[PDB]
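Engineer: Take a look at final-v4.txt, compact mmCIF, C-alpha atoms and all ligand atoms:
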# COMPACT_ATOMS: atom_id res chain seq x y z
CA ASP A 1 -98.74 19.47 41.84
CA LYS A 2 -98.79 17.20 38.66
CA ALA A 3 -101.65 14.88 37.55
CA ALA A 4 -102.58 12.58 34.62
CA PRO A 5 -104.18 14.53 31.82
CA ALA A 6 -106.54 11.54 31.30
CA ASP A 7 -108.16 12.50 34.67
CA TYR A 8 -109.50 15.84 33.29
CA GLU A 9 -112.82 15.94 31.44
CA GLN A 10 -111.85 18.89 29.22
CA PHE A 11 -108.98 16.84 27.62
CA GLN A 12 -110.56 13.38 27.57
CA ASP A 13 -112.08 13.61 24.09
CA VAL A 14 -108.92 14.67 22.28
CA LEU A 15 -106.76 12.14 24.21
CA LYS A 16 -109.08 9.25 23.22
CA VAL A 17 -108.08 9.97 19.57
CA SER A 18 -104.37 10.71 20.12
CA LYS A 19 -101.04 9.10 21.00
CA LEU A 20 -98.17 10.92 22.74
CA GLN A 21 -94.69 11.23 21.16
CA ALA A 22 -92.09 12.51 23.60
CA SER A 23 -88.31 12.85 23.23
CA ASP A 24 -86.10 11.80 26.15
CA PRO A 25 -83.61 14.64 26.51
CA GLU A 26 -81.09 12.45 28.43
CA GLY A 27 -82.10 9.09 26.92
CA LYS A 28 -79.61 7.13 24.83
CA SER A 29 -82.11 5.32 22.66
CA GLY A 30 -82.06 8.01 19.94
CA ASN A 31 -85.75 7.51 18.91
CA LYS A 32 -88.53 9.27 20.85
CA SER A 33 -90.66 7.33 23.29
CA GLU A 34 -94.40 6.89 22.34
CA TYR A 35 -97.33 6.32 24.73
CA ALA A 36 -101.07 5.69 24.58
CA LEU A 37 -100.75 4.21 21.10
CA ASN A 38 -104.32 2.83 21.70
CA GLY A 39 -105.68 6.27 22.72
CA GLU A 40 -105.78 5.28 26.40
CA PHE A 41 -103.87 7.84 28.50
CA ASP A 42 -104.74 6.40 32.00
CA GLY A 43 -101.71 6.57 34.28
CA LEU A 44 -99.61 8.68 31.92
CA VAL A 45 -97.75 11.48 33.66
CA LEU A 46 -94.27 12.50 32.60
CA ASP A 47 -91.83 15.39 33.17
CA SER A 48 -92.80 16.35 29.57
CA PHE A 49 -96.62 15.87 29.76
CA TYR A 50 -98.87 16.42 32.77
CA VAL A 51 -101.74 18.53 34.06
CA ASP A 52 -100.84 21.22 36.62
CA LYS A 53 -103.47 20.59 39.33
CA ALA A 54 -103.80 24.25 40.39
CA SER A 55 -104.54 25.79 36.97
CA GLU A 56 -105.76 22.55 35.18
CA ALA A 57 -103.45 23.44 32.30
CA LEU A 58 -102.23 20.54 30.17
CA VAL A 59 -98.40 21.15 30.22
CA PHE A 60 -96.06 20.09 27.44
CA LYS A 61 -92.41 20.68 28.41
CA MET A 62 -89.18 19.79 26.58
CA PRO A 63 -85.42 20.64 26.63
CA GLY A 64 -83.12 20.37 23.64
CA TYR A 65 -82.88 21.19 19.92
CA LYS A 66 -85.48 19.40 17.71
CA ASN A 67 -86.87 17.52 20.67
CA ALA A 68 -90.66 17.43 21.10
CA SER A 69 -93.51 16.49 23.47
CA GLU A 70 -96.70 16.39 21.35
CA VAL A 71 -99.98 14.53 20.85
CA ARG A 72 -100.56 13.20 17.38
CA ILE A 73 -104.30 13.00 16.52
CA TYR A 74 -105.21 9.59 14.90
CA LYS A 75 -107.17 10.73 11.88
CA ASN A 76 -105.28 10.97 8.59
CA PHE A 77 -107.78 13.22 6.78
CA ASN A 78 -108.27 14.41 3.22
CA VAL A 79 -108.16 18.24 2.90
CA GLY A 80 -110.12 18.53 -0.41
CA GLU A 81 -113.63 17.49 0.71
CA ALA A 82 -116.52 19.91 0.34
CA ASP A 83 -118.43 20.49 3.63
CA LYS A 84 -115.90 18.45 5.72
CA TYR A 85 -113.50 20.65 7.73
CA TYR A 86 -111.12 19.09 10.28
CA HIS A 87 -110.72 21.39 13.25
CA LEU A 88 -108.05 21.67 15.96
CA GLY A 89 -108.90 24.14 18.72
CA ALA A 90 -106.42 25.18 21.42
CA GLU A 91 -106.21 27.82 24.08
CA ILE A 92 -102.51 28.21 25.01
CA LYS A 93 -100.05 30.20 27.09
CA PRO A 94 -96.43 29.78 26.12
CA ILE A 95 -94.33 29.93 29.32
CA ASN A 96 -91.59 32.65 29.02
CA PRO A 97 -90.69 31.60 25.51
CA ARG A 98 -88.10 34.42 25.17
CA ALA A 99 -86.26 32.80 28.13
CA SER A 100 -86.38 29.41 26.36
CA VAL A 101 -84.52 30.75 23.30
CA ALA A 102 -82.14 33.14 25.13
CA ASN A 103 -79.13 30.89 24.88
CA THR A 104 -79.59 29.67 21.35
CA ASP A 105 -76.79 29.56 18.77
CA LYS A 106 -78.08 31.82 16.06
CA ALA A 107 -80.87 34.19 15.25
CA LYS A 108 -82.68 31.73 12.93
CA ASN A 109 -82.86 29.06 15.67
CA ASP A 110 -85.22 31.11 17.85
CA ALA A 111 -88.59 29.38 17.28
CA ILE A 112 -90.96 26.98 19.13
CA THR A 113 -93.72 25.11 17.32
CA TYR A 114 -97.03 24.55 19.12
CA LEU A 115 -99.48 23.23 16.51
CA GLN A 116 -98.98 21.42 13.23
CA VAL A 117 -100.77 19.99 10.25
CA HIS A 118 -98.38 17.36 8.86
CA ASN A 119 -98.72 14.83 6.03
CA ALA A 120 -98.96 11.08 6.52
CA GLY A 121 -98.46 10.24 2.73
CA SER A 122 -100.64 9.90 -0.42
CA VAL A 123 -104.41 9.84 -0.55
CA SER A 124 -103.62 7.04 -3.15
CA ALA A 125 -101.94 4.79 -0.60
CA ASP A 126 -103.80 2.22 1.62
CA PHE A 127 -102.28 2.55 5.15
CA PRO A 128 -104.34 3.00 8.35
CA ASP A 129 -105.05 6.06 10.54
CA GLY A 130 -102.46 6.92 13.14
CA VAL A 131 -99.40 6.02 11.00
CA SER A 132 -97.52 7.38 7.95
CA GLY A 133 -96.76 5.59 4.66
CA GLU A 134 -96.02 5.84 0.97
CA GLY A 135 -96.01 9.42 -0.49
CA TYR A 136 -94.84 11.07 2.75
CA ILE A 137 -92.71 14.22 2.29
CA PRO A 138 -90.69 15.48 5.21
CA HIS A 139 -92.39 18.91 5.62
CA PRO A 140 -95.59 19.76 7.46
CA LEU A 141 -98.29 21.82 5.65
CA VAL A 142 -98.22 24.38 8.48
CA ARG A 143 -96.57 25.00 11.85
CA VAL A 144 -97.88 27.71 14.19
CA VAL A 145 -94.67 28.87 15.94
CA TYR A 146 -93.45 31.44 18.40
CA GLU A 147 -90.50 33.34 16.96
CA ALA A 148 -88.35 35.68 19.23
CA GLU A 149 -87.54 38.02 16.35
CA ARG A 150 -88.39 38.13 12.70
CA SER A 151 -88.62 41.10 10.43
CA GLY A 152 -88.61 43.61 13.26
CA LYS A 153 -91.47 41.83 15.02
CA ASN A 154 -90.53 40.65 18.56
CA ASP A 155 -92.42 37.74 20.29
CA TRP A 156 -95.04 37.09 17.65
CA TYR A 157 -96.71 33.89 16.49
CA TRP A 158 -96.14 33.04 12.80
CA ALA A 159 -97.72 30.45 10.45
CA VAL A 160 -94.95 28.66 8.50
CA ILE A 161 -96.78 27.33 5.44
CA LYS A 162 -95.36 24.85 2.97
CA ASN A 163 -96.71 26.34 -0.27
CA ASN A 164 -96.19 23.35 -2.68
CA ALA A 165 -96.18 19.51 -2.35
CA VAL A 166 -92.51 19.07 -3.43
CA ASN A 167 -90.09 16.76 -1.54
CA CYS A 168 -87.25 19.04 -0.46
CA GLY A 169 -85.49 16.73 1.95
CA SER A 170 -81.75 16.19 2.04
CA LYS A 171 -82.11 13.06 -0.14
CA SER A 172 -84.63 14.47 -2.59
CA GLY A 173 -82.25 15.79 -5.26
CA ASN A 174 -84.43 18.89 -5.24
CA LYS A 175 -82.84 21.32 -2.85
CA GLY A 176 -81.34 23.47 -5.54
CA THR A 177 -84.59 24.01 -7.35
CA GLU A 178 -86.84 27.06 -7.39
CA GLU A 179 -89.71 25.15 -5.81
CA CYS A 180 -87.53 24.29 -2.85
CA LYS A 181 -85.90 27.68 -2.46
CA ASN A 182 -89.28 29.34 -2.45
CA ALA A 183 -91.29 26.63 -0.74
CA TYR A 184 -92.63 28.54 2.32
CA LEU A 185 -94.83 31.49 3.22
CA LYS A 186 -93.93 32.69 6.74
CA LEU A 187 -96.78 34.97 7.77
CA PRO A 188 -97.24 36.86 11.11
CA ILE A 189 -100.40 35.91 13.02
CA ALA A 190 -100.44 38.06 16.24
CA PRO A 191 -98.12 39.09 19.08
CA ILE A 192 -98.14 36.58 22.00
CA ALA A 193 -100.71 37.72 24.63
CA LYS A 194 -99.49 40.19 27.22
CA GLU A 195 -101.68 38.43 29.64
CA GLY A 196 -103.95 35.47 29.45
CA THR A 197 -104.17 32.81 26.80
CA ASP A 198 -104.10 32.91 22.96
CA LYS A 199 -106.96 30.97 21.34
CA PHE A 200 -106.18 29.14 18.02
CA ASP A 201 -108.54 27.33 15.69
CA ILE A 202 -107.20 25.55 12.61
CA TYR A 203 -109.73 24.29 10.00
CA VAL A 204 -108.47 22.16 7.14
CA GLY A 205 -110.95 20.99 4.38
CA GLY A 206 -112.73 22.26 1.26
CA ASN A 207 -109.19 22.82 -0.17
CA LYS A 208 -108.54 25.56 2.39
CA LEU A 209 -106.31 26.11 5.39
CA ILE A 210 -108.01 28.58 7.81
CA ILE A 211 -106.23 29.74 11.01
CA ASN A 212 -108.01 31.96 13.56
CA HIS A 213 -106.42 33.62 16.52
CA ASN A 214 -108.74 34.93 19.27
CA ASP A 215 -111.73 34.27 16.95
CA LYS A 216 -110.38 36.45 14.08
CA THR A 217 -109.19 34.77 10.84
CA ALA A 218 -105.44 35.39 10.31
CA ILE A 219 -104.79 32.84 7.42
CA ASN A 220 -107.31 31.84 4.68
CA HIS A 221 -105.19 30.03 2.09
CA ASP A 222 -106.15 27.72 -0.80
CA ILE A 223 -104.26 24.38 -0.39
CA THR A 224 -105.44 22.53 -3.53
CA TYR A 225 -101.72 21.78 -4.24
CA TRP A 226 -101.72 19.64 -1.05
CA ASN A 227 -104.91 17.77 -1.63
CA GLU A 228 -103.11 14.50 -2.69
CA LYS A 229 -101.65 14.34 0.87
CA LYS A 230 -103.50 12.72 3.83
CA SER A 231 -102.84 15.09 6.69
CA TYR A 232 -103.07 15.09 10.48
CA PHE A 233 -102.77 17.33 13.52
CA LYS A 234 -100.09 17.55 16.23
CA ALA A 235 -100.07 19.81 19.27
CA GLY A 236 -97.55 20.43 22.13
CA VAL A 237 -93.99 21.81 21.97
CA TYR A 238 -91.34 21.08 19.31
CA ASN A 239 -88.07 23.07 19.59
CA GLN A 240 -86.28 25.05 16.82
CA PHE A 241 -83.79 26.59 19.28
CA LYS A 242 -80.76 25.30 21.19
CA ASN A 243 -79.62 25.14 24.83
CA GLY A 244 -82.90 25.54 26.61
CA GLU A 245 -86.28 24.09 27.44
CA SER A 246 -89.70 25.10 26.12
CA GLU A 247 -93.01 24.89 28.00
CA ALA A 248 -96.62 25.55 26.84
CA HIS A 249 -99.81 25.37 28.93
CA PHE A 250 -102.92 24.30 27.02
CA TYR A 251 -106.10 25.25 28.90
CA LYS A 252 -108.26 23.74 26.08
CA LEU A 253 -107.33 21.36 23.28
CA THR A 254 -110.11 19.86 21.08
CA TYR A 255 -110.49 18.00 17.83
CA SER A 256 -113.73 17.87 15.79
CA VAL A 257 -115.09 17.48 12.25
CA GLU A 258 -117.25 20.46 11.09
CA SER A 259 -119.46 21.11 8.03
CA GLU A 260 -117.86 24.54 7.53
CA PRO A 261 -114.99 26.67 8.91
CA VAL A 262 -115.40 29.80 11.08
CA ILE A 263 -114.27 32.81 9.01
CA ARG A 264 -114.45 36.18 10.79
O1 LIG A 301 -84.45 25.72 9.15
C1 LIG A 301 -84.56 25.29 7.95
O2 LIG A 301 -83.56 24.97 7.25
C2 LIG A 301 -85.91 25.17 7.28
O3 LIG A 301 -86.82 24.67 8.26
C3 LIG A 301 -88.10 24.42 7.68
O4 LIG A 301 -88.93 23.90 8.74
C4 LIG A 301 -88.51 22.56 9.11
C5 LIG A 301 -88.53 22.55 10.65
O5 LIG A 301 -87.44 23.23 11.22
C6 LIG A 301 -88.56 21.17 11.28
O6 LIG A 301 -87.32 20.58 10.88
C7 LIG A 301 -89.78 20.69 10.49
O7 LIG A 301 -90.88 20.17 11.14
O8 LIG A 301 -89.47 20.28 9.16
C8 LIG A 301 -89.60 21.59 8.61
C9 LIG A 301 -89.83 21.58 7.13
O9 LIG A 301 -90.65 22.38 6.65
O10 LIG A 301 -89.15 20.81 6.45
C10 LIG A 301 -88.74 25.73 7.26
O11 LIG A 301 -88.81 26.59 8.40
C11 LIG A 301 -87.79 26.42 6.28
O12 LIG A 301 -88.28 27.70 6.02
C12 LIG A 301 -86.40 26.58 6.86
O13 LIG A 301 -85.52 27.22 5.90
Show this structure as structure tokens.

Structural biologist:
Amino acid sequence: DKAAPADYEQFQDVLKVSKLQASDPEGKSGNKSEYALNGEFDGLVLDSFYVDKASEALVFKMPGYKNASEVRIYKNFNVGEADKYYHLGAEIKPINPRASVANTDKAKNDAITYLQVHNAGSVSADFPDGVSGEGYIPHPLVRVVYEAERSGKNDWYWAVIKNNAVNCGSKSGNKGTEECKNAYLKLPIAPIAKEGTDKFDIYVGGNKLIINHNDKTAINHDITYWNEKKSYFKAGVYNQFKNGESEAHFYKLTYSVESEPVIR
């Protein structure tokens, strides 16, 4: 039933420019495993990363709080260039995500992240693609998440946007500040599909973050405050809930560099 994603033409392009980071839910190493660090995914099939032969879905699957199975796209890109927009396209079906979160500990821990724009560190700093370095702050620019319930909305996708470039980590000395208390916009994108897939396109460039869902722009947000941070894409599952396992089927996942975003 399970095959190597590298065998499937529709995923080959994105995999050539990615590595896989995958937690080991019962491993005792305490740091995630990493694979295809050279962008070569031949032979890679795991419980947490495979193609389902029948549907040809790329499956990311992961038990346990804060664990993840995700590809990390190589390019550390600048978000402030005119006419250069970095684009992550995905067509996904989350698999019974309400079941995944059903045994969680508290209402806030009821989320699953599918797509991210994270920072690698400063545009000022000389470190290569594919890794992180000086200037890194421990917050992604945006996560597209499923949330079971928020603000009366049940089973919607949300964009969790970091709305400043401040380090608000536990060792920052900043957690009490206004910037840190008010650091995020959490904005509702669309309910999860009743049937079929949900199509996402993220464009980052020209000092903008654009997020489309089913070809309709849901987020169109100036990100000039982030433009000192080299940024990069991740896609898969990453768990903000306890005591279960998440699963997402990606029927398409693409990465490209465009002269302009699609705004509609
Ligand atoms: O749950 C929280 O205390 C805050 O989480 C923040 O998102 C975290 C996220 O859960 C992962 O740890 C992540 O990738 O790092 C994130 C970050 O932005 O630092 C935000 O959701 C924040 O609103 C929460 O209060």

Engineer: List the spatial neighbours of region 169-172 of chain A as a list in words - criterion: any atom at most 7 Å away, all atoms listed in the file, same-chain residues fewer than 2 positions off excluded.

Structural biologist: residues 138, 167 and 174 of chain A

Engineer: For the contact check between chain A and ligand LIG 301 (chain A), emit one row per residue of chain A within 12 Å, containing the shortest atom pair and the distance in Å rounded to one decimal, counting only C-alpha atoms and all ligand atoms, chain then rising number order, as a tab-separated table.

Structural biologist:
residue	atom	partner	partner_atom	distance
A:65	CA	A:LIG301	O5	10.0
A:66	CA	A:LIG301	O6	7.2
A:67	CA	A:LIG301	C6	10.2
A:68	CA	A:LIG301	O7	10.3
A:106	CA	A:LIG301	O1	11.2
A:107	CA	A:LIG301	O1	11.0
A:108	CA	A:LIG301	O1	7.3
A:109	CA	A:LIG301	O1	7.5
A:110	CA	A:LIG301	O1	10.3
A:111	CA	A:LIG301	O5	8.7
A:112	CA	A:LIG301	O5	9.4
A:113	CA	A:LIG301	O7	8.4
A:114	CA	A:LIG301	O7	11.0
A:115	CA	A:LIG301	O7	10.6
A:116	CA	A:LIG301	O7	8.5
A:117	CA	A:LIG301	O7	9.9
A:118	CA	A:LIG301	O7	8.3
A:119	CA	A:LIG301	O7	10.8
A:136	CA	A:LIG301	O10	11.9
A:137	CA	A:LIG301	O10	8.6
A:138	CA	A:LIG301	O10	5.7
A:139	CA	A:LIG301	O10	3.8
A:140	CA	A:LIG301	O9	5.7
A:141	CA	A:LIG301	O9	7.7
A:142	CA	A:LIG301	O9	8.0
A:143	CA	A:LIG301	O7	7.5
A:144	CA	A:LIG301	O7	10.7
A:145	CA	A:LIG301	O11	9.8
A:147	CA	A:LIG301	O11	11.0
A:158	CA	A:LIG301	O11	10.7
A:159	CA	A:LIG301	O11	9.9
A:160	CA	A:LIG301	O11	6.5
A:161	CA	A:LIG301	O9	8.0
A:162	CA	A:LIG301	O9	6.5
A:163	CA	A:LIG301	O9	10.0
A:164	CA	A:LIG301	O9	10.9
A:165	CA	A:LIG301	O9	10.9
A:166	CA	A:LIG301	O10	10.6
A:167	CA	A:LIG301	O10	9.0
A:168	CA	A:LIG301	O10	7.4
A:169	CA	A:LIG301	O10	7.1
A:170	CA	A:LIG301	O10	9.8
A:172	CA	A:LIG301	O10	11.9
A:175	CA	A:LIG301	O2	10.8
A:180	CA	A:LIG301	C11	9.4
A:181	CA	A:LIG301	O13	8.4
A:182	CA	A:LIG301	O12	8.7
A:183	CA	A:LIG301	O12	7.5
A:184	CA	A:LIG301	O12	5.8
A:185	CA	A:LIG301	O12	8.1
A:186	CA	A:LIG301	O12	7.6
A:187	CA	A:LIG301	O12	11.3
A:234	CA	A:LIG301	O7	10.8
A:237	CA	A:LIG301	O7	11.4
A:238	CA	A:LIG301	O7	8.2
A:239	CA	A:LIG301	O5	8.4
A:240	CA	A:LIG301	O5	6.0
A:241	CA	A:LIG301	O5	9.5

Engineer: Using CA of residue 252 (chain A) and CA of residue 45 (chain A) as the two end points, give the distance in Å to one decimal.

Structural biologist: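 Separating CA of residue 252 (chain A) from CA of residue 45 (chain A) is a distance of 17.8 Å.
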
Engineer: I'd like to know which of A:207, A:151, A:197, A:21 is closest to residue 221 (chain A), using all atoms listed in the file.

Structural biologist: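 Residue with the minimum atom-to-atom distance to residue 221 (chain A): A:207.
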
Engineer: Counting all atoms listed in the file, what is within 7 Å of region 85-95 of chain A, bar same-chain residues fewer than 5 positions away, as a tab-separated table (two decimals) with C-alpha atoms, in the frame of the given file?

Structural biologist:
chain	number	residue	atom	x	y	z
A	196	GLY	CA	-103.95	35.47	29.45
A	197	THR	CA	-104.17	32.81	26.80
A	198	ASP	CA	-104.10	32.91	22.96
A	199	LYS	CA	-106.96	30.97	21.34
A	200	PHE	CA	-106.18	29.14	18.02
A	201	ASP	CA	-108.54	27.33	15.69
A	202	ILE	CA	-107.20	25.55	12.61
A	203	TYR	CA	-109.73	24.29	10.00
A	204	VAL	CA	-108.47	22.16	7.14
A	205	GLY	CA	-110.95	20.99	4.38
A	206	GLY	CA	-112.73	22.26	1.26
A	247	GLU	CA	-93.01	24.89	28.00
A	248	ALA	CA	-96.62	25.55	26.84
A	249	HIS	CA	-99.81	25.37	28.93
A	250	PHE	CA	-102.92	24.30	27.02
A	251	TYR	CA	-106.10	25.25	28.90
A	252	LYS	CA	-108.26	23.74	26.08
A	253	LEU	CA	-107.33	21.36	23.28
A	254	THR	CA	-110.11	19.86	21.08
A	255	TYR	CA	-110.49	18.00	17.83
A	256	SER	CA	-113.73	17.87	15.79
A	257	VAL	CA	-115.09	17.48	12.25
A	258	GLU	CA	-117.25	20.46	11.09
A	259	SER	CA	-119.46	21.11	8.03
A	260	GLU	CA	-117.86	24.54	7.53
A	261	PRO	CA	-114.99	26.67	8.91

Engineer: So which one's closest to residue 72 (chain A), A:264, A:3, A:231, A:52? Using all atoms listed in the file, please.

Structural biologist: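 Nearest candidate to residue 72 (chain A) out of A:264, A:3, A:231, A:52: A:231.
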
Engineer: Using CA of residue 54 (chain A) and CA of residue 1 (chain A) as the two end points, give the distance in Å to one decimal.

Structural biologist: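 Separating CA of residue 54 (chain A) from CA of residue 1 (chain A) is a distance of 7.1 Å.
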
Engineer: Tell me, in Å to one decimal, how far CA of residue 153 (chain A) is from CA of residue 190 (chain A).

Structural biologist: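 Taking CA of residue 153 (chain A) and CA of residue 190 (chain A), their separation equals 9.8 Å.
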
Engineer: Quick one: of A:49, A:156, A:41, A:8, who's nearest to residue 70 (chain A), counting all atoms listed in the file?

Structural biologist: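 Of A:49, A:156, A:41, A:8, the one nearest residue 70 (chain A), counting all atoms listed in the file, is A:49.
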